[PDB]
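Next up: just one chain, as structure tokens, the form deposited without adenosine-5'-diphosphate (ADP).
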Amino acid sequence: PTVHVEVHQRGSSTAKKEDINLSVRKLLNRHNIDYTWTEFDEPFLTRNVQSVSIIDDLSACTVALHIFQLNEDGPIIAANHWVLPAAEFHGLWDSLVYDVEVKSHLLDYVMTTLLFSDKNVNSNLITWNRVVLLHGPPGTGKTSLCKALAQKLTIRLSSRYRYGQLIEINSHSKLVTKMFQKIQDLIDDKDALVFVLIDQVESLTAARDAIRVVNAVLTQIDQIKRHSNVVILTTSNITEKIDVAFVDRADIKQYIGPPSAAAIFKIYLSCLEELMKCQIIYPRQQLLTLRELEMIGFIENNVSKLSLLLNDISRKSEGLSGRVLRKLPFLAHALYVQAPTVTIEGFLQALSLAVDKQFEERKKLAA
């Protein structure tokens, strides 16, 4: 089909994008074989290009290049405002691990909505709108996915929108008008794709003159969703429960749930890789993926012993949220390692102790 290649232009670069386009294509001619490049023999590439990563063999495919430059300025009262591609969100997307390739659908759904918006596809004949709801138990990183989806969408849609904006509204809170007029001021630039994010929308319905401010925010949402370049992002923790009125509002609803032992193992692998990269886990060892274990039928030998053990830690980590899971190597290292350097076996033993102590606290909440 179409092969997608992401080019991370350096912040200090001053090159025309047309020129960064021609250099990367020359590089693809040589290797011609999902791999990421960080170093280049070309002086032009060394100067202007941080990394060129290919995202899902033969040369002759219809290859699309997305060249982007991160916006370092971080992170409008009272709201968080970022310019996309933002430097805070770099790599956020690849970090999020989900069972059913949720991210792919989500991207594809929102990508298609924008295409129907752009072609003025009639809502009454084919169902689409500009609201996306992500619902599910807490701790699945729903807000990180909205941020990650918005950065991806900005990078991928570079030929239609020159930059992206993300405005994050905190659920906890005239003043609203002052805030939506600035948002409208950003939306008035048709060279941008404006994302508005409302975290824990259900909190408005749950906590309810404060009835009037909640309703005023809905009319303001209603006014901004009217625009070609607006996309709205909501998240709710009461997945099972019906909600007012983001349910009716959102044509794209996606359920996010706790990670399986298959994902936990993908997550942990990414963590240990990081410690090995940083040399906190030393010396570096090979770890096996779940497919690799399956192909050796889980035999235990020097090659696989430690990967099997990590597997078993992933299975006993089930029922923990993804938020807990990425914090665990911190506590593992702080609580049990207590030293600048560890062998990978030493770290796995810290990680398991870590996992045991987590469930001990759970049972304390139950009792």
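Don't overthink the numbering: it's just position in the shown sequence, from 1.
Below: the form deposited with adenosine-5'-diphosphate (ADP) bound, not depicted.
Residue heavy atoms within 4.5 Å of adenosine-5'-diphosphate (ADP) in the entry with it bound occur in exactly one stretch of 221-229, 132-140, 107-115, 76-84, and that stretch is 132-140. For the residues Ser144, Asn215, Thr239, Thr289, the 4.5 Å heavy atom test against adenosine-5'-diphosphate (ADP) in the entry with it bound is passed only by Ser144. Though adenosine-5'-diphosphate (ADP) is absent from this view, in the entry with it bound it lies within 4.5 Å of a heavy atom of just one residue from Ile187, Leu204, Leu275, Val97, which is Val97. Though the partner is left out of this view, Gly322 does reach within 4.5 Å of adenosine-5'-diphosphate (ADP) in the entry with it bound, counting heavy atoms only. Residue contact check for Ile267: one or more of its heavy atoms lie within 4.5 Å of adenosine-5'-diphosphate (ADP) in the entry with it bound. In the entry with it bound, none of the heavy atoms of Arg47 sits within 4.5 Å of a heavy atom of adenosine-5'-diphosphate (ADP). For the chain shown alone, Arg326 is a contact residue for adenosine-5'-diphosphate (ADP) in the entry with it bound, at least one non-hydrogen atom being within 4.5 angstroms.
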